[PDB]
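See below for the structure under consideration.
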Amino acid sequence: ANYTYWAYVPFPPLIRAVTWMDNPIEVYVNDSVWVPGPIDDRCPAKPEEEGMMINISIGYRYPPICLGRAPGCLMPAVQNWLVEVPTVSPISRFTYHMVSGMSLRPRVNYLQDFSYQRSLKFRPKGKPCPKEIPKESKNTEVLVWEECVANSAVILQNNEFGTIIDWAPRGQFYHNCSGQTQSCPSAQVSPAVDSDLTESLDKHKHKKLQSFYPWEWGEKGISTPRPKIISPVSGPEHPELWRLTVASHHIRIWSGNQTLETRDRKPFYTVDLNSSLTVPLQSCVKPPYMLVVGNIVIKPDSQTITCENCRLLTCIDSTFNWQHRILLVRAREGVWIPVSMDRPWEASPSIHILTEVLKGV
Amino acid sequence: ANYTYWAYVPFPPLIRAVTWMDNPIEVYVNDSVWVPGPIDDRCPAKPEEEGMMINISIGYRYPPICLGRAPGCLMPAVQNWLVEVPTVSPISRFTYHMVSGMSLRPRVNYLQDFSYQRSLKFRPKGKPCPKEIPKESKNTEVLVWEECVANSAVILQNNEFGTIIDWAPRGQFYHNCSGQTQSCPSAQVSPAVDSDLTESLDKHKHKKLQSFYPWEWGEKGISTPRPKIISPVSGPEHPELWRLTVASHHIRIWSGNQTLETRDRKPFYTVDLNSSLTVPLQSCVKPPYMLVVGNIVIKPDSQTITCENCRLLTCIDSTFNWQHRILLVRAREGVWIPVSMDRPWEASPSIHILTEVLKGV
Amino acid sequence: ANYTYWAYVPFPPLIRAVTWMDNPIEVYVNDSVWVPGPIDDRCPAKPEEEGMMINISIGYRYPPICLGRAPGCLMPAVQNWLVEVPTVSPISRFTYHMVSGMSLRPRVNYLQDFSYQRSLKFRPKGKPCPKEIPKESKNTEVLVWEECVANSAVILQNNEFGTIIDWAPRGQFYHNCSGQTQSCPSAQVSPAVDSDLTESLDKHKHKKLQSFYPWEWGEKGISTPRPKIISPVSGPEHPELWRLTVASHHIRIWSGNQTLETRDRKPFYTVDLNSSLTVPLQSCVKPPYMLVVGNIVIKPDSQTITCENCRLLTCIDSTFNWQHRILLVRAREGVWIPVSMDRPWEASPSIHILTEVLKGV
Amino acid sequence: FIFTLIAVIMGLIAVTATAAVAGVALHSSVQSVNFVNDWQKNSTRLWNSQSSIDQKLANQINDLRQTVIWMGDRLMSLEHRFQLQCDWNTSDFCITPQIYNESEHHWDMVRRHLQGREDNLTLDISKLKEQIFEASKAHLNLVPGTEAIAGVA
Amino acid sequence: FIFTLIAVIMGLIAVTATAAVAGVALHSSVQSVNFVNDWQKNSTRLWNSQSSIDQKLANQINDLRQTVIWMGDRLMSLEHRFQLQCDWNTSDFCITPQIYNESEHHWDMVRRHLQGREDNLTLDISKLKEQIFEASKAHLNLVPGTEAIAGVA
Amino acid sequence: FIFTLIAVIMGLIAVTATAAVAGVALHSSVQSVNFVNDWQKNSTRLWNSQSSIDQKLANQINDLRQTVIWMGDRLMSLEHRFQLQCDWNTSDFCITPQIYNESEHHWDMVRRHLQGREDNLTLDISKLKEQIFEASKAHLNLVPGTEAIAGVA
Ligand SMILES: *[C@@H]1O[C@H](CO)[C@@H](O[C@@H]2O[C@H](CO)[C@@H](O[C@@H]3O[C@H](CO[C@H]4O[C@H](CO)[C@@H](O)[C@H](O)[C@@H]4O)[C@@H](O)[C@H](O[C@H]4O[C@H](CO)[C@@H](O)[C@H](O)[C@@H]4O)[C@@H]3O)[C@H](O)[C@H]2NC(C)=O)[C@H](O)[C@H]1NC(C)=O
Ligand SMILES: *[C@@H]1O[C@H](CO)[C@@H](O[C@@H]2O[C@H](CO)[C@@H](O[C@@H]3O[C@H](CO[C@H]4O[C@H](CO)[C@@H](O)[C@H](O)[C@@H]4O)[C@@H](O)[C@H](O[C@H]4O[C@H](CO)[C@@H](O)[C@H](O)[C@@H]4O)[C@@H]3O)[C@H](O)[C@H]2NC(C)=O)[C@H](O)[C@H]1NC(C)=O
Ligand SMILES: *[C@@H]1O[C@H](CO)[C@@H](O[C@@H]2O[C@H](CO)[C@@H](O[C@@H]3O[C@H](CO[C@H]4O[C@H](CO)[C@@H](O)[C@H](O)[C@@H]4O)[C@@H](O)[C@H](O[C@H]4O[C@H](CO)[C@@H](O)[C@H](O)[C@@H]4O)[C@@H]3O)[C@H](O)[C@H]2NC(C)=O)[C@H](O)[C@H]1NC(C)=O
Ligand SMILES: *[C@@H]1O[C@H](CO[C@@H]2O[C@@H](C)[C@@H](O)[C@@H](O)[C@@H]2O)[C@@H](O[C@@H]2O[C@H](CO)[C@@H](O)[C@H](O)[C@H]2NC(C)=O)[C@H](O)[C@H]1NC(C)=O
Ligand SMILES: *[C@@H]1O[C@H](CO[C@@H]2O[C@@H](C)[C@@H](O)[C@@H](O)[C@@H]2O)[C@@H](O[C@@H]2O[C@H](CO)[C@@H](O)[C@H](O)[C@H]2NC(C)=O)[C@H](O)[C@H]1NC(C)=O
Ligand SMILES: *[C@@H]1O[C@H](CO)[C@@H](O[C@@H]2O[C@H](CO)[C@@H](O)[C@H](O)[C@H]2NC(C)=O)[C@H](O)[C@H]1NC(C)=O
Ligand SMILES: *[C@@H]1O[C@H](CO)[C@@H](O[C@@H]2O[C@H](CO)[C@@H](O)[C@H](O)[C@H]2NC(C)=O)[C@H](O)[C@H]1NC(C)=O
Ligand SMILES: *[C@@H]1O[C@H](CO)[C@@H](O[C@@H]2O[C@H](CO)[C@@H](O)[C@H](O)[C@H]2NC(C)=O)[C@H](O)[C@H]1NC(C)=O
Ligand SMILES: *[C@@H]1O[C@H](CO)[C@@H](O[C@@H]2O[C@H](CO)[C@@H](O)[C@H](O)[C@H]2NC(C)=O)[C@H](O)[C@H]1NC(C)=O
Ligand SMILES: *[C@@H]1O[C@H](CO)[C@@H](O[C@@H]2O[C@H](CO)[C@@H](O)[C@H](O)[C@H]2NC(C)=O)[C@H](O)[C@H]1NC(C)=O
Ligand SMILES: *[C@@H]1O[C@H](CO)[C@@H](O[C@@H]2O[C@H](CO)[C@@H](O)[C@H](O)[C@H]2NC(C)=O)[C@H](O)[C@H]1NC(C)=O
Ligand SMILES: *[C@@H]1O[C@H](CO)[C@@H](O[C@@H]2O[C@H](CO)[C@@H](O)[C@H](O)[C@H]2NC(C)=O)[C@H](O)[C@H]1NC(C)=O
Ligand SMILES: *[C@@H]1O[C@H](CO)[C@@H](O[C@@H]2O[C@H](CO)[C@@H](O)[C@H](O)[C@H]2NC(C)=O)[C@H](O)[C@H]1NC(C)=O
Ligand SMILES: *[C@@H]1O[C@H](CO)[C@@H](O)[C@H](O)[C@H]1NC(C)=O
């Protein structure tokens with residue numbers, strides 16, 4: 001007849017979403033010149049298997065880690081890290097070295113003059129991000145990434161999929177308008193945008209900012225995003241997702257300065273930045289971790305992740321198309337499943353061996 | 001007949017004491033507002049099993065970790081952490097935010113003006129506890145716990161059960177009498193006592209200190225006990241035991257100030273502290289760790305732990321009675337034991353199966 | 001007949017070299033007064049087995065960790081750690097406390113005035129080594145080892161066996177001749193040499209340096225070697241090898257000073273150091289780690305390690321002879337080997353049991 | 001916990017993608033042992049074929065929390081597997097002698113467990129493990145039943 | 001290494017407390033196999049029933065030293081158990097074929113081992129494991145003795 | 001992962017040194033099962049005899065990376081061993097039913113593997129494990145062949 005028994009599959013070919021409750025996973029970048037470790041310049045062990053299609057329909061207990069432009073996924077945008085070297089010249093304020101890389105976009109306050117949505121909750125222990133300019137800026141060419149704690153965190157997601165905040169700093173140009181009149185603009189300016197990473201890669205890029213007020217950069221610190229979930233659960237920081245986002249486009253290396261001239265008998269400040277240098281990157285996860293790329297749909301009312309014709313990858317490079325989302329996944333642990341046999345469960349073949357021996361006689 | 005064989009029990013229902021040579025274990029507190037992590041607000045998974053009685057008779061190799069008032073156990077007492085904010089007013093010196101919590105009592109020098117017994121041995125690495133008061137005290141309402149190394153360690157136990165020292169600071173009020181005359185008191189004053197955590201919880205509490213000399217607080221630092229054993233063995237720090245002791249009573253939240261007036265044409269300094277706020281806490285260990293609560297008796301000449309009618313718990317709350325001691329325990333690893341059978345050892349039932357088959361014929 | 005089958009040996013009696021790609025291993029020293037942890041004052045568990053002879057012939061994938069004077073092995077030399085306490089006296093500059101210990105010799109620049117070969121590549125994170133002298137030098141007698149990052153790394157090996165650099169500081173006496181004339185010597189002076197650790201151990205030792213220019217010590221920091229490989233592979237730091245080298249000889253404890261007098265109406269500076277104190281140390285690795293001591297020959301063209309009549313040890317003490325090299329080894333993981341039987345592979349003895357039963361009938 | 005699957009004949013991506021097709025039917029309903037075995041064989045082969053942990057990647061790990069938690073889960077699974085009673089004819093995975101009770105565990109709980117859920121409608125793994133451990137004693141299963149012995153005799 | 005035993009039918013507290021009563025007599029003298037099995041069955045069931053490591057508690061661990069040491073002891077125990085030879089009828093725990101020798105190991109050493117001591121009067125676990133490993137060879141125990149074969153024949 | 005082998009009768013040094021003599025001939029050519037068993041027995045005994053992790057040494061570990069990597073390798077090895085099919089008469093190590101094929105694996109690859117090499121002339125462990133896993137199914141090996149059954153009959 002038919003006999004159904006519970007079976008344990010220790011290494012099932014299933015996958016499960018990496019969640020915000022997981023501790024950070026390893027993302028390996030192939031260029032240690034511009035990106036901190038861990039480093040691996042090797043191609044995927046099975047390059048021929050990258051991009052294989054799959055339909056995904058899974059559940060989850062904690063909000064999955066997804067990147068891209070979709071509900072439940074963290075949208076990407078360009079982040080700028082600026083190194084400033086003061087200059088003794090009376091007509092120059094600073095010399096600049098800027099890096100533009102695709103990272104996690106903070107939410108914006110549409111009512112509050114298009115600033116960043118900010119949260120002061122659960123401030124982590126760590127070195128605060130610097131507020132002054134180090135006079136002795138040695139090793140200017142070599143970028144040093146140092147983790148620091150911002151004055152306030154930026155909100156990356158504050159909806160029914162969860163609340164994610166990032167206590168890493170976000171750098172922007174602004175004006176010291178505390179003591180000035182109402183004519184001082186209070187809006188922050190991003191020196192670079194998304195198009196600076198994709199279009200006309202080999203062509204010269206220039207950015208010019210002009211104002212009657214000095215240009216200040218803040219918040220300072222060569223520090224990369226460390227997002228964490230604070231609601232409906234509290235999870236650990238994830239300083240590795242930016243590594244995945246930064247490889248999806250070239251990073252752009254700028255130099256420049258801020259100069260001072262006279263206009264209408266008043267000080268006039270101009271920030272000039274140039275770049276003809278872009279660096280392509282490759283960021284990879286390794287087994288048991290993988291990435292599911294495509295139209296990831298996260299439904300939190302039933303805690304379901306679905307995708308039709310997604311692709312399984314392990315590496316992200318500059319040819320990534322941000323019409324797709326990325327879901328971090330890991331090989332599923334052992335599972336329990338009923339299985340149907342045509343005979344009762346047997347511990348050993350001893351009865352079978354005895355029957356064969358008797359039949360031989 | 002009878003055949004006795006050695007057997008290995010991998011998961012025996014035994015327990016063994018957690019010793020000072022163990023590395024720190026996890027204690028989970030349910031209020032992250034006032035106590036650092038790890039955090040868990042859940043009730044015990046089996047609340048109906050808490051308090052089950054048991055007789056205990058075990059041995060040990062290293063001094064067990066016990067809290068309470070008994071030989072071999074660390075006695076508890078109130079510890080006060082004070083946050084001082086300087087005030088620009090000429091008649092006020094500081095504003096105060098104090099937290100009183102049950103923690104590990106240091107030994108006292110009965111001859112040396114009832115001060116703390118102190119040891120300078122095995123000074124650990126780390127940030128020294130601050131000696132000055134930071135002028136910019138932001139986020140004053142939110143208490144920030146900083147781990148710091150005191151100028152000298154306090155001795156918690158210096159007897160035949162072992163020598164335990166704690167390099168975390170202990171805060172007390174005192175006077176700077178280095179340049180004063182002999183009339184300057186040298187005794188340290190504790191702003192709070194044990195009764196401040198237990199009696200009249202909902203009633204207003206006030207503390208007033210008055211002197212012709214300014215009141216100083218030391219040693220500073222919002223830092224919790226990190227006791228370690230240095231004799232007869234050297235073990236790692238245990239910054240988690242204070243978490244168990246702090247949940248046994250409410251913590252009391254004080255606010256206050258120090259003010260200056262004129263008395264007999266001389267400066268007169270008054271510290272005022274007031275509190276109408278207490279917070280109840282729950283601290284829990286998780287399997288395989290548990291707590292044995294009751295009349296723990298530690299005999300070091302034979303290294304024996306005994307208790308009659310102890311209770312097995314996993315959580316400590318404000319209803320804890322300090323007539324009982326707490327012994328940290330963990331589920332015992334596999335053990336080896338003789339067992340008696342009525343037949344010789346057999347590898348497989350093959351002989352039994354053959355006998356049954358022959359009998360069937 | 002003969003039947004050969006693959007077999008897996010989980011715990012083979014083989015050994016494999018510890019490589020520079022391994023993470024640091026534990027080396028235990030028996031004197032916590034002068035050497036940081038981990039500490040173990042016990043003799044080897046099997047003292048009678050220390051020194052057993054063995055022939056070694058193994059391969060490797062990454063450059064093995066070897067100490068001694070041979071190709072592929074890091075040569076040892078004396079390193080000096082100096083603590084200087086400023087003195088308020090007008091005729092004295094500093095009081096000195098020096099520790100001399102056998103550690104990893106840096107390569108020398110034969111062309112560049114016998115300085116150290118230095119590399120600026122892959123600067124690690126950490127507190128920079130101090131450039132000034134702390135005025136408040138408390139706990140002068142107790143030496144405190146602080147890890148610090150030097151201004152530049154010293155090269156220990158730059159040949160076909162790999163490139164090994166060390167970002168830990170190396171201290172020496174020198175003159176600050178930036179503003180002086182060409183008569184100011186630019187050569188660094190080592191206050192101690194190899195013989196100071198070996199010959200006439202119980203006899204008084206003195207070192208006198210005299211110059212018309214002040215004696216400076218650099219680079220400062222009580223910091224021990226942390227070598228790492230940067231080519232042809234990049235590996236983690238190994239701050240434990242110096243522990244093995246330092247036990248091979250007594251350490252020597254010096255005390256001294258720098259004094260100023262008048263000579264030809266000019267300031268004359270004399271550094272006087274004296275020592276009658278040597279400390280013997282014992283550094284041990286523990287199973288599964290061991291040391292192969294003797295004529296280790298590393299051939300990198302085939303990646304082979306060979307030694308005839310080497311000795312297997314676990315501890316190094318002051319009787320070590322530096323004519324031999326030390327190769328760190330570990331017990332080998334399971335291996336796969338063909339093995340020959342005289343019968344086919346059998347899952348169970350069931351056929352044998354049935355045959356015996358039939359023969360009994 | 002970290003490996004470079006270069007020498008193997010099937011990477012993790014190929015195993016997952018090629019198994020998903022049969023995983024659909026596995027999610028739909030109870031399948032035979034041959035179906036499940038064919039569905040899991042490549043995954044089991046891949047996870048029984050890694051040579052050693054890749055040091056180049058392993059030695060760069062800074063935060064060990066995720067690695068240690070993954071290792072703890074693997075060790076727990078190995079401990080539980082070591083005490084499971086399994087049918088002799090299937091060595092890739094363990095078929096226990098616990099009979100599937102459709103009334104107690106309707107298929108939706110199993111499908112939710114396969115999907116990786118842990119809500120109140122999912123199969124209760126701890127309770128099932130308790131039942132299997134209680135029912136899989138060697139003194140209840142190792143000796144073949146009277147029917148088999150009579151059939152042999 | 002960290003679990004929330006909510007779904008189980010018996011927590012660690014209940015297992016320990018209810019087993020201590022029989023543990024008294026276990027400390028007193030050698031007991032039968034049935035006695036020991038009854039004494040340990042709750043604990044073995046509990047430690048064969050946890051579902052997965054509780055992530056909420058696990059991801060907050062700062063100092064991993066104690067967890068790594070506990071996992072190392074568990075892994076060493078699992079490695080040793082994998083090579084032990086056990087009587088077929090007892091699956092909850094392993095009964096080796098090593099005969100208890102009262103003259104070599106008087107009961108006080110066993111009682112001290114059960115109490116969790118490691119002094120000079122306690123049973124020497126390493127020496128006992130050496131004896132058991134040397135005496136539990138498959139070529140010495142797997143084949144039934146001549147007496148059993150003659151009895152069958 | 002850290003032990004004080006004081007109670008044992010043979011430390012790691014003695015095991016390695018006394019086994020090297022036969023390890024020479026083991027590197028030279030294929031040996032018999034008795035030879036290999038004699039050569040590995042003391043190492044297996046030593047690694048089946050440690051009592052517990054020495055806390056005095058374990059609690060001082062600052063960098064857990066090497067320990068965690070070693071533990072991961074041990075856990076992976078144990079996981080692979082749990083699924084190996086082994087000849088019943090050898091319990092110290094696992095003799096698989098995979099026949100040595102000299103043409104595919106010439107002895108130099110085996111010697112290089114025994115030497116601890118991983119170059120392009122060394123035995124490919126992952127491919128060998130794949131072949132062994134595929135060939136060691138319970139349904140292909142557990143039932144004795146027709147020749148043995150006929151010989152019994
Ligand atoms: C980390 O990993 C990333 C991702 O794989 C690597 O990025 C690749 O880097 C290579 C080498 O720099 C890139 O190849 C270059 O791409 C550019 C564009 O090529 C296109 O356009 C030209 C137009 O003439 C076509 O011929 C060509 O087919 C492409 O359509 C060019 O800058 C380069 O070509 C020029 O330079 C090379 C020398 O560099 C000359 O040989 C050529 O003749 C020509 O003059 C070159 O083709 C590649 O595109 C990158 N990939 C991605 C996906 O962005 C990183 O290199 C790697 N980093 C490290 C440190 O390993
Ligand atoms: C962490 O875990 C701890 C330990 O479990 C929790 O502490 C408990 O907190 C609750 C809620 O604050 C406490 O309950 C309160 O206790 C007080 C005393 O109640 C006694 O006296 C009144 C007298 O009228 C009796 O009616 C009552 O039966 C008790 O004998 C009172 O302050 C509270 O009652 C008043 O307030 C509540 C609203 O808070 C009203 O509903 C009531 O009607 C009344 O006005 C209340 O009963 C409880 O005692 C604490 N337990 C312990 C053991 O201390 C922490 O809350 C928890 N923390 C977090 C953040 O989760
Ligand atoms: C860490 O581990 C190291 C290495 O094992 C230990 O170092 C040993 O320390 C002991 C004790 O300090 C040393 O023993 C001493 O050696 C010296 C030289 O002895 C030689 O010369 C004398 C000449 O008279 C001969 O008699 C003798 O046989 C040797 O040939 C002497 O300084 C000592 O002898 C004098 O002092 C002792 C008291 O200390 C008196 O009893 C003696 O009578 C005599 O007056 C003594 O013998 C030993 O040599 C060291 N070993 C090595 C290999 O260097 C460390 O002690 C240990 N550290 C800790 C903290 O445990
Ligand atoms: C059971 O053990 C006894 C006693 O063991 C001896 O004493 C122990 C404390 C320990 O040191 C063991 O190693 C010792 O062997 C054994 O009786 C001994 O047998 C040997 C060999 O025949 C003989 O030389 C000794 O004199 C005996 N010692 C006595 C009688 O006290 C006995 O062989 C063991 N095995 C059994 C009974 O099977
Ligand atoms: C034993 O091995 C031989 C040779 O294996 C081939 O060469 C190895 C170096 C490696 O590349 C293997 O994958 C190869 O298969 C096998 O003989 C081969 O058999 C196949 C199939 O019948 C045949 O097409 C090839 O020509 C043979 N190659 C030769 C003779 O060199 C052989 O099957 C293996 N097994 C045995 C004998 O049982
Ligand atoms: C994912 O599922 C979709 C939907 O069932 C599959 O698309 C089907 O593909 C078959 C074969 O080419 C077509 O006959 C059907 O018409 C398709 N259905 C639809 C609705 O378009 C798809 O193949 C699956 N993808 C993977 C990778 O398994
Ligand atoms: C921005 O422009 C400056 C000045 O033109 C560029 O710096 C020059 O780089 C070239 C090429 O290496 C050198 O020959 C010149 O000497 C440099 N001049 C100065 C003033 O530094 C700089 O590279 C540009 N920034 C980019 C491309 O990011
Ligand atoms: C711990 O041991 C004590 C002492 O043996 C037990 O107390 C006994 O309880 C029984 C049953 O109620 C009484 O008949 C005895 O008179 C008690 N003895 C004494 C000396 O008072 C107690 O029950 C044990 N506790 C547990 C939890 O097992
Ligand atoms: C100590 O007393 C002060 C002063 O009365 C309390 O602060 C008052 O708190 C109430 C209630 O929130 C406010 O309405 C008043 O404005 C506060 N006054 C001042 C001067 O700040 C304080 O809460 C008490 N400290 C405790 C309860 O810990
Ligand atoms: C290591 O190998 C050498 C070289 O074969 C061995 O030295 C031989 O020792 C034997 C026995 O004493 C002598 O008969 C030979 O003449 C020696 N050969 C040479 C070339 O000197 C040595 O014994 C081996 N050592 C170990 C520890 O196994
Ligand atoms: C270097 O010499 C000084 C001066 O002689 C030594 O210091 C003396 O030590 C002895 C013995 O403890 C004391 O009695 C003297 O009072 C010390 N003198 C001074 C001026 O401090 C010092 O020990 C020597 N350094 C060593 C041995 O390392
Ligand atoms: C498991 O992997 C095997 C290969 O080892 C797959 O078998 C292949 O299946 C495809 C599609 O049917 C055939 O075209 C190939 O010829 C097969 N290769 C062989 C037999 O070597 C198999 O489909 C996989 N099974 C799964 C994923 O369930
Ligand atoms: C394994 O260890 C045993 C001891 O347990 C070794 O046996 C000894 O061998 C030497 C040399 O032949 C003899 O003199 C001793 O009498 C033996 N001791 C005994 C039998 O107790 C054996 O050589 C080792 N085997 C190896 C390393 O392969
Ligand atoms: C060396 O001397 C110069 C010239 O006086 C001075 O500027 C400098 O600070 C001194 N020290 C160092 C470390 O260069």
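Each chain in the structure tokens gets a letter, A, B and so on, in the order shown; residues start at 1 in every chain, and ligands are counted from 1 in the order they appear.
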
Mind listing as a list in words which residues of chain B are within 9 Å of chain C, counting only C-alpha atoms?
-> residues 125, 350, 351 and 354 of chain B

Can those selected residues be exported to a file as a PDB file, in the first residue's frame so that it contains N, CA and C atoms?
```pdb
ATOM      1  N   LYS B 125      43.188  47.059  30.634  1.00  0.00           N
ATOM      2  CA  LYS B 125      43.212  48.088  29.610  1.00  0.00           C
ATOM      3  C   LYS B 125      41.811  48.639  29.382  1.00  0.00           C
ATOM      4  N   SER B 350      20.749  -8.826  15.423  1.00  0.00           N
ATOM      5  CA  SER B 350      20.757  -9.852  14.381  1.00  0.00           C
ATOM      6  C   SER B 350      20.541 -11.247  14.958  1.00  0.00           C
ATOM      7  N   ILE B 351      21.193 -11.559  16.080  1.00  0.00           N
ATOM      8  CA  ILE B 351      20.977 -12.851  16.726  1.00  0.00           C
ATOM      9  C   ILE B 351      19.532 -12.985  17.187  1.00  0.00           C
ATOM     10  N   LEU B 354      17.374 -13.639  14.117  1.00  0.00           N
ATOM     11  CA  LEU B 354      17.555 -15.014  13.661  1.00  0.00           C
ATOM     12  C   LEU B 354      16.837 -15.998  14.576  1.00  0.00           C
TER      13      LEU B 354
END
```

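Neighbouring residues of ligand 14 at a cut-off of 12 Å, counting only C-alpha atoms and all ligand atoms, are residues 130, 131, 132, 133, 174, 175, 176, 177, 178, 179, 180, 181, 184, 213, 214, 215, 216, 217, 218, 219 and 220 of chain C.
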
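If you count only C-alpha atoms and ignore residues fewer than 4 places along the chain from residue 75 (chain F), what sits within 10 Å of it is residues 1, 71, 72, 74, 75 and 78 of chain D; 72, 75, 76, 78 and 79 of chain E; 69, 70, 71, 79, 80 and 81 of chain F.
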
Could you give me the residues within region 155-198 of chain A that DSSP places in strand (DSSP E), as a PyMOL selection string?
-> chain A and resi 155-159+162-166+172-175

Do a neighbour search on residue 31 (chain D) at 9 Å with only C-alpha atoms, toss out local chain neighbours closer than 6 positions, and write the hits as a PyMOL selection string.
-> (chain A and resi 338-340) or (chain D and resi 25)

Taking a cut-off of 10 Å and counting only C-alpha atoms, can you build a table that, for each residue of chain A near chain E, reports the nearest atom pair and how far apart they are in Å (one decimal), sorted by chain then residue number, as JSON lines?
```
{"residue": "A:21", "atom": "CA", "partner": "E:55", "partner_atom": "CA", "distance": 6.8}
{"residue": "A:22", "atom": "CA", "partner": "E:59", "partner_atom": "CA", "distance": 6.8}
{"residue": "A:23", "atom": "CA", "partner": "E:59", "partner_atom": "CA", "distance": 6.0}
{"residue": "A:24", "atom": "CA", "partner": "E:59", "partner_atom": "CA", "distance": 9.7}
{"residue": "A:62", "atom": "CA", "partner": "E:55", "partner_atom": "CA", "distance": 10.0}
{"residue": "A:233", "atom": "CA", "partner": "E:56", "partner_atom": "CA", "distance": 8.5}
{"residue": "A:234", "atom": "CA", "partner": "E:56", "partner_atom": "CA", "distance": 8.2}
{"residue": "A:235", "atom": "CA", "partner": "E:59", "partner_atom": "CA", "distance": 7.4}
{"residue": "A:236", "atom": "CA", "partner": "E:59", "partner_atom": "CA", "distance": 6.7}
{"residue": "A:333", "atom": "CA", "partner": "E:52", "partner_atom": "CA", "distance": 9.6}
```

Find the residues around residue 53 (chain B) up to 12 Å (only C-alpha atoms counted), leave out those fewer than 2 positions away in its own chain, and share them as a list in words.
->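 Selected residues are residues 49, 50, 51, 55, 56, 291, 292, 293, 294, 307, 308, 309, 310, 311, 312 and 313 of chain B; 13, 14, 15, 16, 17, 18, 19, 20 and 21 of chain E.
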
Can you tell me, as a ChimeraX atom specification, what residues are no more than 12 Å from residue 114 (chain E) when counting only C-alpha atoms, ignoring any on the same chain fewer than 2 positions away?
-> /B:8-9,12-16,57-60,332-338 /E:23-30,107-112,116-118,122-123,125

Set the cut-off to 9 Å, count only C-alpha atoms and all ligand atoms, and list whatever residues fall near ligand 11 as an MDAnalysis selection string.
-> chainID C and resid 97:98 204:206 252:256 273:278

Given a cut-off of 6 Å, which residues of chain F touch chain D, counting only C-alpha atoms, written out as a list in words?
-> residues 80, 125, 126, 129, 130, 138 and 139 of chain F

Have a look at A:316, A:70, A:244, A:260 and name the one nearest to ligand 1; count only C-alpha atoms and all ligand atoms.
->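 Nearest candidate to ligand 1 out of A:316, A:70, A:244, A:260: A:316.
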
Please give the complete set of residues from chain F that DSSP, run on the backbone, assigns to alpha helix (DSSP H), formatted as an NGL selection string.
-> :F and (12-28 or 33-46 or 55-58 or 65-82 or 107-114 or 125-135 or 138-141 or 146-152)

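If you measure from each of F:85, F:98, F:43, F:37 to ligand 5 using only C-alpha atoms and all ligand atoms, the closest one turns out to be F:98.
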
Find the distance between CA of residue 136 (chain A) and atom 25 (N, counted along the ligand's line) of ligand 7 and write it in Å to one decimal.
-> 21.7 Å

Could I get the residue neighbourhood of ligand 1 at 12 Å, counting only C-alpha atoms and all ligand atoms, as an MDAnalysis selection string?
-> chainID A and resid 28:35 39:44 47 197:198 200:203 246:251 276:284 315:321
